[PDB]
Structures are given as structure tokens and as C-alpha cells.
Amino acid sequence: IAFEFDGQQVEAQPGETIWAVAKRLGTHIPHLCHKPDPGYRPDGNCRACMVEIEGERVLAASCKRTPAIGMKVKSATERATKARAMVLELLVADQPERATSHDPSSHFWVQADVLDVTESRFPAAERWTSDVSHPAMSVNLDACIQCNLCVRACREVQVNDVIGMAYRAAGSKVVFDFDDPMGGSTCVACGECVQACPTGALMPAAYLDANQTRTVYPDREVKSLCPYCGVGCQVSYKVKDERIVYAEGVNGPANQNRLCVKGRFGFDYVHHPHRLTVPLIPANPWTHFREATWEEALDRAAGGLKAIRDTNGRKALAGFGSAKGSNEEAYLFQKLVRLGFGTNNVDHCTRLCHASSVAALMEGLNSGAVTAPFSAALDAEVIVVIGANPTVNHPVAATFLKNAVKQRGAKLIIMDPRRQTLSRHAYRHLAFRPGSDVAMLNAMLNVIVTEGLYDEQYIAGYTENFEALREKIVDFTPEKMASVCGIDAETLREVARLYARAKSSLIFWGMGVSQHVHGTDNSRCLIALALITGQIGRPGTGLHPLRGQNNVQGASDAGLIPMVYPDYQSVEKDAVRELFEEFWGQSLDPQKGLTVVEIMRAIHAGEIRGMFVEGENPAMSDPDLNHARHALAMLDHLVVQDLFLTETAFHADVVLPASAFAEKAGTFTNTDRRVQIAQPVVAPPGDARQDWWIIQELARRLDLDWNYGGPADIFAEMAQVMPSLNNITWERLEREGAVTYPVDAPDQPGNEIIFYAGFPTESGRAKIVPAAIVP
Amino acid sequence: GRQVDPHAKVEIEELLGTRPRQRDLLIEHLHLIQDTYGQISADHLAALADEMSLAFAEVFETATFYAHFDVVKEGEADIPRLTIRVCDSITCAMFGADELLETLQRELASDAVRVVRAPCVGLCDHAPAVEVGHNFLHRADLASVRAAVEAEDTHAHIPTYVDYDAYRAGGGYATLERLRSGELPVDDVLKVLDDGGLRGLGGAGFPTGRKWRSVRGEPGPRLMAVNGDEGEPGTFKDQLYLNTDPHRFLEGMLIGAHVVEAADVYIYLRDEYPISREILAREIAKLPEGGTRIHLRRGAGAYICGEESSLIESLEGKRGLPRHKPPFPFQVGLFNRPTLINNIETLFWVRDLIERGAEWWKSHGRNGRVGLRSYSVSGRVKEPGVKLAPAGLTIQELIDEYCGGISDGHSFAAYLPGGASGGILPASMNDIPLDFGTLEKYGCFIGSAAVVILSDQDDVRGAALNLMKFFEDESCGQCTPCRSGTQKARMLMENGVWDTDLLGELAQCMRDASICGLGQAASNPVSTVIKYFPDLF
Ligand SMILES: Nc1nc2c(c(=O)[nH]1)N[C@H]1C(S)=C(S)[C@@H](COP(=O)(O)OP(=O)(O)OC[C@H]3O[C@@H](n4cnc5c(=O)[nH]c(N)nc54)[C@H](O)[C@@H]3O)O[C@H]1N2
Ligand SMILES: Nc1nc2c(c(=O)[nH]1)N[C@H]1C(S)=C(S)[C@@H](COP(=O)(O)OP(=O)(O)OC[C@H]3O[C@@H](n4cnc5c(=O)[nH]c(N)nc54)[C@H](O)[C@@H]3O)O[C@H]1N2
Ligand SMILES: Cc1cc2nc3c(=O)[nH]c(=O)nc-3n(C[C@H](O)[C@H](O)[C@H](O)COP(=O)(O)O)c2cc1C
Ligand code: SF4
Ligand code: SF4
Ligand code: SF4
Ligand code: SF4
Ligand code: FES
Ligand code: FES
Ligand SMILES: [W+6]
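Residues numbered from 1 in each chain as written, not as in the entry; some residues may be left out. Chains lettered and ligands numbered in written order. Heavy atoms only, no water.

Per the deposited record, determination of this structure is attributed to cryo-EM, with the resolution reported as 3.6 Å.

Caption draft 1: Molecular detail of the overall build of chain B. Across its full length, chain B holds 22 helices and twelve strands. Seen through its C-alpha atoms, chain B measures out along the principal axes to roughly 70 × 70 × 50 Å. Counting over 537 residues, chain B shows a buried share of 55%. Within chain B, counting contacts between residues at least 6 apart in sequence, those at least 24 apart form 69% of the total. Working note: accessible area of chain B is about 23,000 Å², and carbon and sulfur atoms make up 50% of it. Of the charged side chains in chain B, 54 are positive and 78 negative, and the gap between their average positions amounts to 4 Å. (Helix = DSSP H or I, 4+ residues; strand = E, 2+ residues; numbered from the N terminus. Buried < 20%, exposed > 50% of the residue type's maximum accessible area, 1.4 Å probe, protein only. Contact = heavy atoms within 4.5 Å. Areas by Shrake-Rupley, 256 points an atom, 1.4 Å probe, with all protein chains shown as cover. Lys, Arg positive; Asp, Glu negative; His and termini not counted. Charge placed at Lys NZ, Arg CZ, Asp CG, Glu CD.)

Caption draft 2: Inspection of the overall build of chain A at higher detail. Counting secondary structure elements, chain A contains 26 helices and 18 strands. For 775 residues, the compact-globule estimate of 2.2 N^0.38 gives 28 Å, and chain A sits close to it at 30 Å. Counting only C-alpha atoms and orienting by the principal axes, one finds that chain A spans roughly 90 × 75 × 50 Å. Across the 775 residues in chain A, those meeting the buried criterion constitute 56%. By element, 52% of the accessible surface of chain A is carried by carbon and sulfur atoms, the whole surface being about 35,100 Å². If you average the places of the 75 positive and of the 92 negative side-chain charges in chain A, the two averages end up 5 Å apart. (Rg over C-alpha atoms; globule rule 2.2 N^0.38 Å.)

Caption draft 3: Here's a closer look at the pairing of strand β10 (residues 414-417) of chain B. All names here are of chain B. A two-sided burial pattern is seen for β10, the buried positions comprising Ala414 and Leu416 on one face and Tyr415 and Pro417 on the other. Bridge count between β10 and strand β11 (residues 425-426): two bridges; the pairing is antiparallel. Bridging from a neighbouring strand, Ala414 pairs with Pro426 of β11. (Pairing = 2+ DSSP bridges.)

Caption draft 4: Layout of the sheet that holds strand β8 (residues 234-240) of chain A. Residue and element names in this part refer to chain A. Reading across from one edge, β7-β8-β9 is the order of the three strands in this open sheet, with antiparallel pairing throughout. Each of the sheet's edge strands pairs with one partner strand only, and the pair in question is β7 (220-225) and β9 (243-248). The average angle at which neighbouring strand axes cross in this sheet is 35°, direction not considered. Here six bridges tie β7 to β8, and the two strands are oriented antiparallel to one another. Each bridged residue has a counterpart across the sheet, and for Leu225 the counterpart in β8 is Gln234. (Axes fitted to C-alpha atoms, helices over the stretch in contact; angles between N-to-C directions.)

Caption draft 5: Quick look at the nonpolar core. By size, the foremost hydrophobic cluster in this structure holds 73 residues, and its most contacted members are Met86, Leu88, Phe108, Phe122, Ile163 and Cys193 of chain A together with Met493 of chain B. Looking at this core, the elements with two or more residues in it are α2 (79-93), α3 (107-114), β5 (137-139), α4 (149-154) and β6 (202-204) of chain A together with α19 (460-473), α20 (480-492) and α21 (501-512) of chain B. Per-element accounting of this core gives the leading share, eight residues, to α2 of chain A. Not counting residues within four places of it along the chain, the set of residues in contact with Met86 of chain A comprises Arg121 and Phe122 of chain A together with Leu502, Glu505, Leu506 and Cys509 of chain B. Of all hydrophobic cores here, the second largest spans 47 residues; its members include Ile413, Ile459, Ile507 and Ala771 of chain A. (Core = buried A, V, L, I, M, F, W, Y, C linked by side-chain atoms within 4.5 Å.)

Caption draft 6: Just the interface of chain B and chain A, in detail. Taken together, the contacts link 47 residues of chain B with 45 residues of chain A. Buried area between chain B and chain A, summed over both chains or domains, comes out near 3,900 Å², and the portion from carbon and sulfur atoms is 60%. Run the count over chain B and chain A and you get six salt bridges. Salt-bridge contacts for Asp473 of chain B lead to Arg168 of chain A; the nearest nitrogen and oxygen are separated by 3.4 Å. Linking chain B to chain A there are 14 residue pairs in polar contact. Contributing elements (two or more residues each) for the side of chain B that touches chain A: α3 (42-52), α4 (56-62), α20 and α21 of chain B. (Buried area = accessible area lost by both parts, 1.4 Å probe. Salt bridge = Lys/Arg side-chain N within 4 Å of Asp/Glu carboxyl O. Polar contact = N/O pair within 3.5 Å; in protein donor to acceptor, adjacent residues only side chain to side chain.)

Caption draft 7: View of the packing of α20 of chain B against α21 of chain B. Residue and element names in this part refer to chain B. Orientation of α20 relative to α21, taken along the N-to-C sense of each, is 160°, at an axis distance of 11 Å. Between α20 and α21, the angle falls in the class roughly antiparallel. Between α20 and α21 lies a crossing of left-handed hand. Along its contact with α20, which presents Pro481, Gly485, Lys488 and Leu492, the element α21 presents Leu502, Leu503, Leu506 and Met510. Classifying every residue of the contact of α20 with α21 by side-chain character gives six nonpolar, one polar and one charged. (Parallel < 35°, antiparallel > 145°, perpendicular 65-115°, else oblique. Left-handed = near helix turned anticlockwise from the far one by under 90°. Nonpolar A, V, L, I, M, F, W, Y, C, P; charged D, E, K, R; others polar.)

Caption draft 8: The packing of aromatic side chains, seen in detail. Residues and elements named next belong to chain A. One pass over the full model with this rule turns up 33 aromatic pairs over all chains. Positioned over the ring face of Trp128 is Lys173, at 5.9 Å from the centre of the ring. Over the ring of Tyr427 we find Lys411; its NZ or CZ atom is 5.6 Å from the centre of that ring. (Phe/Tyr/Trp six-rings, centres within 6.5 Å; stacked < 30°, edge-to-face > 60°. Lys NZ or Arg CZ within 6 Å of the ring centre and 35° of its normal.)

Caption draft 9: How the structure looks around a negative patch on the surface. Residue and element names in this part refer to chain A. Judged by side-chain charge, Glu291, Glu295, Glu296 and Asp299 come together as a negatively charged surface patch. Checked against the element boundaries, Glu295 lands in the loop between α5 (261-264) and α6 (296-312). A relative accessible area of 54% means that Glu295 is categorised as exposed. (Patch = residues over 30% accessible without salt bridge, like charges linked within 9 Å, V, L, I, M, F, W, Y side chains within 5 Å.)

Caption draft 10: Structural context of the site of ligand 7. Around ligand 7 sit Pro322, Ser475, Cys476, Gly477, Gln478, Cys479, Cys482, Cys516, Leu518 and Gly519 of chain B, and those are all the residues in its vicinity. When its residues are assigned to classes, the shell around ligand 7 shows six nonpolar, four polar and no charged. (Near = heavy atom within 4 Å.)

Caption draft 11: Quick peek at the site of ligand 5. Lining the immediate surroundings of ligand 5 are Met137, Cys154, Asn160, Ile163, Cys187, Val188, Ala189, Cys190, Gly191, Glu192 and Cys193 of chain A. Tallied by class, the residues present in the shell around ligand 5 amount to eight nonpolar, two polar and one charged.

Caption draft 12: Geometry of the packing of α19 of chain B against α20 of chain B. Residue and element names in this part refer to chain B. The N-to-C vectors of α19 and α20 enclose an angle of 155°; their axes lie 9 Å apart at closest approach. By the angle between their axes, α19 is roughly antiparallel relative to α20. As α19 runs across α20, the sense of the crossing is left-handed. Across the interface between the two elements, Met468, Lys469, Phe471 and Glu472 from α19 touch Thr486, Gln487, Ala489 and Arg490 from α20. Of the residues in the contact of α19 with α20, the class split is three nonpolar, two polar and three charged.

Caption draft 13: Quick look at the sheet that holds β10 of chain B. Spatial strand order, β11-β10-β12 (chain B): three strands in an open sheet with antiparallel pairing. Unpaired on one side and paired on the other, β11 and β12 (451-454) of chain B mark the two borders of the sheet.

Caption draft 14: Quick look at the domain arrangement of chain A. The domain boundaries assigned to chain A delineate domain 1 (4-77), domain 2 (296-351 + 550-740) and domain 3 (355-546). Just the C-alpha atoms count here: the centres of domain 1 of chain A and domain 3 of chain A sit 46 Å apart. (Domains from an automatic or database assignment.)

Caption draft 15: Layout of α21 of chain B. Between its terminal C-alpha atoms α21 of chain B stretches 17 Å, which fits the 16 Å expected from twelve residues at 1.5 Å a residue. Within α21 of chain B, burial applies to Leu502, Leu503, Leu506, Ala507, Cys509, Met510 and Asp512 of chain B. Lining the buried residues of α21 of chain B we find β2 (50-53) and α2 of chain A together with α20 of chain B. (Expected span 1.5 Å × (residues − 1).)

Caption draft 16: Summary view of the pairing of strand β8 (residues 373-377) of chain B. All names here are of chain B. Taken across its five residues, β8 has five buried, putting it largely inside the fold. In β8, alternate side chains face the same way, and those of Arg373, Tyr375 and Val377 on one face and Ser374 and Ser376 on the other are all buried. Where β8 lies against strand β9 (residues 385-389), five bridges are found, and the strand directions are antiparallel. By the bridge assignment for β9, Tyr375 is matched with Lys387.

Caption draft 17: Summary view of the side chain of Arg222 of chain B. All names here are of chain B. Tracing the backbone through its elements, the reader meets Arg222 in the loop between α11 (209-217) and β6 (223-225). Put simply, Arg222 is tucked away with no salt bridge, and the nearest opposite charge, on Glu261, sits 6.0 Å away. Of the polar contacts made by the side chain of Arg222, one reaches the backbone oxygen of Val215; its length is 3.4 Å. Within the structure, the side chain of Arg222 is placed 3.2 Å from the backbone oxygen of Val260, a separation counted as a polar contact. Once residues lying within four places of it in the same chain are set aside, the contact partners of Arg222 are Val215, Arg216, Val260, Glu261, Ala262, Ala263 and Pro338.

Structure follows, in C-alpha cells:
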């Protein structure tokens, strides 16, 4: 589009409201009420971005209009400047003294200094008081410019339906539910309105004091991510010398500038006073067998393990693991075992939950990765969900879904006994007694084929077993399971029509289903909805369960498993044990390891001797009491590398100073197939250190002689084997930040959808599995 | 954690029974609550929302923007059942209102009763305009309200009018039935409406044939609506017609609907016009099931609803906030679909256009201008009330020919057309014709035919102050110029003298940088005073 501007004949792209054209061109002008960051929407209230155009008689706006053909805009004139200056004069007239107030170095005062205004000539208004009911925030609301961004953040993006302007013009204010103090309001501490209010009214704590006023600037800044969920919410940590304060979101392709309570607050664990800095081998403060040292308590690990190996054997050893806070360590936390102990007795107390899922996924497709991402539910048309509560444990995705509901109207469905928050936004709600989902699941399974509304073509050459099952299937029916599940049939006829007829669809769930004994048998059927209908492997289609940790993918995809080395190349195979050794130069053990509960119940009156624990509180995770106290009691030589003196390893005969999260580089992954880089902020206290040094030193003390160096080379030595990253390097994992592994080309965004043209399985097809009611 | 749905949810399902629960249908529920109970309490809102499955923020935003719904929480004090209101605009205030307020607010302002302010109710003709719970008064005074309260005279009182049969006696819905039949096609109607020059009423000054052609050219399922707010102070026409012969207006509306092919229609008039709210509900049920279904809605305050986009958002059960003008109302409307608005007056005349023609609408104008209009005179005259007269008429002739005169004891100093939106001019501006496109070269205009007359005994600056107070309380609250400029003007105009230069700047700003057509006019009065009253500074 061609249109004149300030005396030029310039061009503009489409959807480029005048403001953006000026910015791109270098003629910045004030907005105040228009947050250009992706995610928001303009409203045109402040009227500070006004311009002139030949043809109209009333001035216009620059954030809400568009430069159609022939038009010509004007900013360097008189009317517009006078109007802007007058608006700013009014605002600063109803404003406090910027000398000492809330956020003196803010957006409003900057845009004022641009229009050359310091004071005003109008009087004040004698406004209202403040409320500090909520601990983190501080609403000293005497600087409200009525910019309505609080709302577009709490009523349009991080949807929780709390804020709203509930009065008339002069008395117009912002209020929480029923004019309540917001200390017990529906606010969930979702800090998307705290970084949108330009003025310091809607401001957090830690940036001001009793006589509410700014008291600090950013000492420094660092861009990182959150070690609490499995989404990879980026962050920019606000620091002061040996102090961390508060963070904001960044334009991360996974988060998109929106966090939860923990992206803002709740990290008092890192700098938590009561901590550990030296070996210490009951009350919290260490009081027994403490001997600060770094060559004694490492002899007492290397020599101990080596000698007990010699005297009792290799299989007599065992080892737990962890993935809470690192990836590259696991590569080594397992290489160490496989080399010095010559034994595949690894385990993973975090992969326990969602095992059945990946079991079925590799049975049917030879993979365990959620088909396609969750941030792609905005081009779809339908949703499915069962056994979960995203808003709580995976909120960001929940609000993505809410936004998709709002904008595009794409319906969803629910499957849960109790009532959930999303109900309000939910198109339906299907309660049922537990351990019975599979019934209505088969109903939906066979509703399609029995009526005859399936997509034969996709089932023609892309999924085998389509005919051998039909005996039980046509034997089954979607009308019989009412008293067995607790629903009516027409609902199910509908739901299935909806899915199969829908242009696209997805399904979500979590540990709620796979928690049951035969949750496998649940997914054993859920697998094929997208496959039997075809709505898979294409934009907006796929299957995508969720995980409850940071990089469990990154751990259990790079060789922390009792039956397989990284990138899912099992041990029982032969060639696996013939090519890995050109790198590790060792003789391995083909027989599998003893799984977590297997090894635990084994050692109980068993034969294993000691282990090398790490990043876990096993004493209180899976087993209630029997395998917590008596578990390690009979053990002889023990190790614990925990940050704190957690309840577990109360008698762990040696300890090391686990480094916290916020201090490291490396690589992390999410439940989205993406790998996120990190970066350190603050060194730890005491003589503590990281783990990629602990394990290096211990390998050396155990006659391994790796001497690789730093993680920036562990990455390469871990990728040289795993083709999943066949085109990746730390360089572009720093620049461009995060990426996902299934990509093929170097200078391309990525390949982010399973089965776009064919399964990566030997046959190219799946093996649809017999799904029976097998209690 | 949050406001909880209490056990007090029985009285919300035992009171709505079998009704629809669409967002667009909310205000009726709130009115129902405010009627059955004299207040609207939180618990009830929580129950209502958790029924409609909404959030407390939305219902709270809506239940307080309209100036009538009275809200309370578990902490505040109970509201009484019996209340009254008083007018505070220019006309009702010129006859001794404020003294009335502060005179009866300490005799019968006790617990069981209440007394508050009110902008205007459409009775500028019979001076004070007091109301007692859906019952209005005239020439109000203390010794009359005493008796009106002591006796349970809260209920309204209905006059006589023309029913369906008496109307059917004459032409009686024969012009309409000629359309469902091909006895006369459409194009003729457009052609008469065009060549006859029916420049529409309302404060727009816009033709009608063009609107109808346009809304007829755009596709899909069409709609329509009517604005019966008439909230502008010096405007009391709609009442004198809806209370004498509505069936003519219904004829016109059905005509204007079938042409655009609108399945259903909508209506919107104040809460301060109850008599009509009963006349209609009495008549409609007698109008047969023809094939076009009609509706009827209420409205609580919100003079900003006189605007189109705000009326749309209200009929959508939303907050009364207008929209931007580059995307037009005839392209995207009531439910994101086309719809044509038309004031009841513009409909009331169509029958006389068709049955007689256009020439009957051209042999009327007195001065160069042409047309025929229904003025609304008020203030210190001798025979006030609505008036029909050829457009293009001066004001002196409107005073000494139709209105009988001015008074016996006063004189003529100032006057103001266009009600509040318009300006206040002196006598010397006497030889000017009163039409649509004639006064824009003087600062003011005439949008609603509102007229007022002030004498020497009356002061102008106080009138401008009252108008600015009105515009301050009727502001929607979105655009900054109105929200803050109205305050700064209500303040600057308070002191013994105002600068008028800061005021000129502020007026230029508000007139060039205001979203709605209200802020574009709230500065007309002060500017006209600065210009044509150079002897008051
Ligand atoms: N706050 C928080 N968040 C976390 C974690 C945490 O400890 N705390 N841990 C992370 C990880 S990896 C974990 S351990 C997860 C756990 O968290 P989730 O994955 O959410 O599992 P639940 O929290 O139990 O939610 C499962 C949902 O299924 C419902 N449900 C209950 N019974 C059944 C049933 O019989 N069938 C079905 N289909 N659904 C049922 C539950 O009531 C709930 O609605 O959270 C992850 N994120
Ligand atoms: N009460 C309760 N118990 C449960 C569950 C539950 O919901 N409630 N769910 C079960 C399930 S599914 C799960 S998902 C488990 C998880 O429960 P746990 O097995 O306790 O795992 P976490 O609670 O994450 O504890 C991880 C340990 O690693 C330490 N750590 C943290 N960051 C780092 C780091 O960067 N490096 C190292 N080396 N260590 C670090 C932590 O301080 C802590 O000691 O809980 C299981 N048990
Ligand atoms: C702030 C504002 C308030 C208005 N209030 C009313 C009103 O109360 N009644 C009315 O009929 N028109 C009112 N109008 C003018 C509307 O545009 C009018 O109702 C509508 O355009 C009628 O169109 P018509 O001329 O075809 O009949 C108002 C306009 C503005 C800008
Ligand atoms: S809270 Fe922020 S966005 Fe809301 S009115 Fe105040 S300054 Fe404007
Ligand atoms: S929860 Fe967070 S985003 Fe939502 S309203 Fe409260 S502060 Fe704003
Ligand atoms: S979802 Fe988890 S990782 Fe992401 S921002 Fe929230 S707490 Fe942090
Ligand atoms: S600023 Fe004034 S004219 Fe504009 S929307 Fe608000 S009340 Fe209406
Ligand atoms: S700045 Fe874009 S209109 Fe307010
Ligand atoms: S009643 Fe005061 S003028 Fe309308
Ligand atoms: W988990």
C-alpha cells in the first residue's frame, strides 16, 4: 500500500496501523495506552497518539486506524501537538509529584518529557485510598490513567475474569470482585497486570517501602526459565548483589510473555537461609558427623564404591537418578555407571508417572513424544481433555486454550468426575465413576465405524490391524455402557460426531489416567482417535499429553533408563552394544536393569549394596513407609547429593554440595519437544559447586579419566551419538535461544509435527492394539 | 479466596422459572430484582451469575453503570423501599428546584423514605417534574407530595388514548397490508421518501432514503432498532405522541422493517417513561401474529445510550460504551450485523407521506428552507408545550405566533436551541432561521428541536455550570477529554472568574479529540458565552 506521510510517498505492509509505520520509519510518537507487545489489542482511550488526515474534520488515532490508499497522514502540525500536550497536562494535573512517588522512572513520565511537559495548570481531584491486602502486590491506586491494560491482561490473555471498571466517568476506577480488597479476591498472582500498568500504581512489593515510593533500580538482568513446570516459561531475573528479587517474561516462542505465580514470586528456596555448603556425614541444622573437606569425603565415595564392587560384584551395585534440574549431567550420571560399574542398573523415579503412555506410544508408533505442540491450538477447531487440571499445574496452556475459545470459538469437551474451573468456559462436562473411562472410550471408538463415518483412506495404508479387531468392536456398542460409566448415549453419539466430523482436533490428559494400574489399557484405545479419523500429522491436529516436571523428556530421551541407552536404543540388542563401545571403550552388560520398585523390593532382604543417589527425595515419593525407612536401613554404604538435608538420607554416610538451579549453563527441554538453553546469574554460597564437576572428579577418583571439560563440550559429546539433534550446536542454542530437535536443516525454523508424511517406524504404519475391558 | 455461591440460590431459580439465559438478556433480570426487592444485593448477583455461568466482574460492571440499580454488600446499610426524585436540569431548576430539594430533604427524608437528585425526565413543560415511585407530578410542591406519600399513591396513573379498533376505523393498517401484497411495490416508497426530502429527526440531520437503500443493499439476516431515550433536557416530544396515538408509530416501524427484510425488531426507551411502557405492552398483544415479531426493552439512566453504538451494546446486555466511527453502524450492528436506527418521530410521519405524497411536504416551509417539524418550546413563555410549524422559522415568530408570547413580568435576553448540546445565544441573534444546516457557522446547531427562553431575571453562567455538571454526570467514562475536561470545567467555572483562555484551549482539544459526539459538544456553551457575551468579563 502506498500513502503519503509527513510529506513523503512511503509504502506500508498490511495490518500496519500508522503507529507501526512511523516506528519502522523512525518518527516515534507517544501512545501510553497502546502496548505494542504481541498479545494485546488497542482500544483508543488515552487519545495521545492522534494525527491529522486530509478529508476528516475531527482528529483521529494512530493505534486503531490503517493507511488505506490515497490517504495522507500528518503529525508535525499544530492541532495534534496542542491536543497531546493538553491531554498530558490533564493527566499530570491529576497525578502526584514525580520527584518521589511510585515508579518515578516510568513510561508515563517519559512520554511526558517527550511532549515537553513538567507541571500542569489544572487542579487536583482528592482521589481514593490504597489497599495492601495482597502480600506481593501493592495497589496504591492514585495514578490510574484509565489505560485498561490491567483488564486486557486479566480479561483477555491470562483469562481469570477478575478485574473490571465498574463505575462512571469521574468515579471510574478498577475494582476486583465486588469491590473487595483483592487480598482474598480471585486474583491468582498471575503477574500479567503488574508489568502492564505503566504508572507505579499496580506495582509489586520489593520495589518500594512503607511511604510507598520506588527505592531501587535494576542492579542487572539475566534471561532464563522457570524450574517448576514443563513448559519452559522464559524469564528475565531481576537481581541485586547477592539477592534475587522479581522477574518479567520475554518474547519466548513457548511462553509469549505470560507466567504464573512462580514466574513472579515464590523462589525464596534458592537464597533460603537454612542450606548446605559442606559434607555433613534429626533437626534441620546439621549436628552430627560433620567434617568440612573435599578430598576425604570423596575418597570415602570412590574407594568405597570401588572396593565394595570388587568384593561383592557389579550387579550387587545399584543407582537411582534425577532430572529435576539438568540434562547433560544425566548423560554422565549414566555413562559413569555403565563404565565404572559395568552395569545397566540405572533408574528414574520421575519417569514412573507417565510410563504407560510412552509404552503404548512406542508400541503403536515407535515414539514417546507428544505429537505436536500445545501452542498450536489456535488454528484448530476442537479440543478434548481428560484427567487433568491445567490451570493449576500447567496454567499457561490452560489460558492458551481459554484464548482459543474466546477468539475462534473452537469448542472443547471435558471428562472428569469432579467439577473444574474451566467448566465455565467448557462446552460440556462428563462426570463418571473412576476406573470406567475406557467404556465410553470404546463407545466413542466404535460409534464411528458402526455407523460408517470413518476416513477409510487414512486407515487404508497408514494404520494396520484395522480389520482383525472388528470382531470385538462390532461386538461392542456405544449404547450399553450407561450404568457402567454414568452417562447417556445421545451425548456420546454427539461427541463422536463432533470429533470425527470436525476439521481438526486434539486430546490432552495427564497422570490422572496413567495413575491407575492399567492406565495403559486406557491409552491403549485412546491412541487411535486421530489415527482412525485421519486428523493427525497435519496442522492443528495431533495428540499431546502432559508431564509434571521440567525436562523429564530431556532425561529419559538421553539414556537414564534401566533398559535402554540414549535416543531409545535398547540394551538387549546387540549392535547397540557394538557401536557405543567405539566411544566409551568398554564391555557392557546386555541383561536389563532392575526397575525402580523392582530394585527397591529386591534389596529388601536382597543383595544390592549401596548406590549413588541424586536429585531426589525417594523416601517420600512412591512408597508410603515400608521402602523409606527399612529401604536404606539395611543398606551398607550410602550416598546423597541433595541440595538440602531432606527427610531422605538422614543416615546417608556422605554428602556433596548440590548447586541450585539458577547457576548454570547447558540445555533443558520441555514437554513440547523443544530444548531451552540457560545461563547463570549468581554463584552459590560456601565452597559448593556444580555437578558436572562433582561427577568428573569422582570418575577420575574411580579410574575413568574423562577430562572432557565443561558442559559446552558435554553437549557435543552427547549429540555425536544421538541423531535426534543431528543438526544442532550450542552456538545457535544461545543465539535464537531455544529450538526443538526433530529439525533437519541448519537455517530453518524446525520440523514440529510427528508423522507429516509417514511414521518413522520400520513398516511406515502403526499396529492398532486390541483394547479390551480387562479388569 | 473469592465470593462464594451461598445457600441463597433458591430465590433466583424460583423467581426466573422458565426464561432464557443469554448474555444479551441481562438488564431485564436486574430490573426484576430491583422491583421485587427495593435493592440489588451481592448474594443475588452471585446466584444470578453462577446460573448464567459468568464472572462477578461483568455483572458488577453492568449493575452500576446505569445510575438506577442500587447495589449493597454484606456491610453497607439497607436501602428503603419508597424513594422519590427531583429534576436538576436547567428548566426544572429555573422554577425553584434546589430549594425544593433542601426544603423537603429535612421534613420527610426519614428512614422509610428517601430523596435524591435526577437529571431530567421529559417534563420540562410542567416546570418541577417530581416523581414518587413510578408516579410523576406537575407544578410540584411540598403540600402535594405530603398527600401523595401519606397515601400509597406510588403506582402510576394511565390516561385514555386511541386503541386498535378506532385506528382501524380509518386507514387502519391498510397502507401496510398493501405491501405484503403486491398492490404497490417497494421502490415507490423509497422514491417518495427521497424526492420529498425527509431529512431525519434526531440530533444528526441525515436523510432516510439513503439509509434504507444502504441497509437494503447489504446481505444476510438484517435487523433494526428504535431509540426512544430522548434524554436531552429540552426534549419532551416522544411522550406527547406515544401517549396519544402509538399505532401510527407501529405502522411506520413495520413499514420500515418489511422493506429492509428484518425478521425481528427491537425498541429502547427510558425507565422514566413508564406510562408508555404500559400502553405498548397493552397494545402489542392485540397486534396480530403477522410474521414480523417485535420486542421491547428498558433502560436505566445512561443518557450516553441516546447514542447508537451504546444502544447496540446495551441491547447486547453489555456496558453502555460507544464504538469507533471508521467502522460504520449500518455495516456492523446489534449482533455484528446490519441494522437501521430511526427515532419514533421519523416513523410517525411516513403514513402522511405516502397517503398524501411529497408535495404535502413542500408547500409548508416559510423561509427559504423547506420542510415541517415539531418543536419543543419550554422555559418562560405563556403557552409552552410541543409545537408543529414549518421549518426555517425564526425564533421571534415562534414566540409571538405559536407560543402565545413570553410572559407578563419578564423580558427576553437569551435563548438556546439544541438543548444542552447546543449553545446559548442572545436576543440580537433573532433573524436567523432554525434548520439543520444553518447554525453551524455560528458555533451551535439544532439537533433535537429543543428550545428554551431565559429572561433578565435569570443568570447565564449558572446555566452553563448546570449544563457542565450534567455533561459531567452523563459522561460514559472511556475517552480522557470528556472524563477529565468535564471535571476541570466544573472546577474552573466555579471560581468568581475563569480565564477563558485555558478554556478555549481545552475546548479545541475536546472538540478535536473526542471519540463520541458528546465530548464534541460539551464545550459549545462556554465558547458561545465567551464569543457572544463579551459584556460578562
Ligand atoms: N502444583 C504442582 N504441579 C505439578 C506437580 C506437583 O507436584 N505440584 N508435579 C508435576 C508432575 S510430573 C506431576 S507428579 C503432576 C501431577 O498433576 P496432574 O498431571 O494434574 O495430575 P492431577 O493433578 O492429579 O490431575 C489429574 C486430573 O485427573 C482427575 N482425575 C481424578 N481421578 C481420575 C480418574 O480416575 N480418571 C481420570 N481420567 N481423571 C481422573 C483429577 O481429579 C484431575 O482433574 O503435576 C506436575 N506439576
Ligand atoms: N506429597 C506428595 N508426594 C508425591 C506426589 C504428590 O503429588 N504429593 N507425587 C509423586 C510424583 S508423580 C512426583 S512427580 C514426585 C516428585 O517428588 P520428589 O521425588 O520429592 O521430587 P522433588 O519434590 O522435585 O524433589 C527433588 C529434589 O531435588 C532437589 N533439587 C532441586 N533442584 C535441584 C537441582 O538443580 N539439582 C539437584 N541436584 N537437585 C535439585 C530438591 O531440593 C529436592 O531435594 O512426588 C511423588 N510423591
Ligand atoms: C451523545 C449523543 C447522544 C444522543 N442521544 C440521542 C437520543 O437520546 N435520542 C435520539 O433520538 N438521538 C440521539 N442521538 C442522535 C442519534 O444519532 C440518533 O438517535 C439516531 O442517529 C437517529 O437517526 P435518524 O436521524 O435516522 O432518526 C444522540 C447522539 C449523540 C452523539
Ligand atoms: S491500574 Fe494501570 S491500566 Fe488501570 S487505570 Fe491505573 S494506570 Fe491505567
Ligand atoms: S491473577 Fe495476576 S494477571 Fe490475574 S488479575 Fe490478579 S494480578 Fe492480574
Ligand atoms: S508453567 Fe511452570 S515453568 Fe512455566 S512459568 Fe509457570 S511455574 Fe514457571
Ligand atoms: S470521553 Fe466523553 S464523549 Fe468520549 S466516550 Fe467518554 S463520555 Fe463519551
Ligand atoms: S495511543 Fe493509540 S489511541 Fe491511545
Ligand atoms: S424536567 Fe427539568 S427540564 Fe426536563
Ligand atoms: W510427577
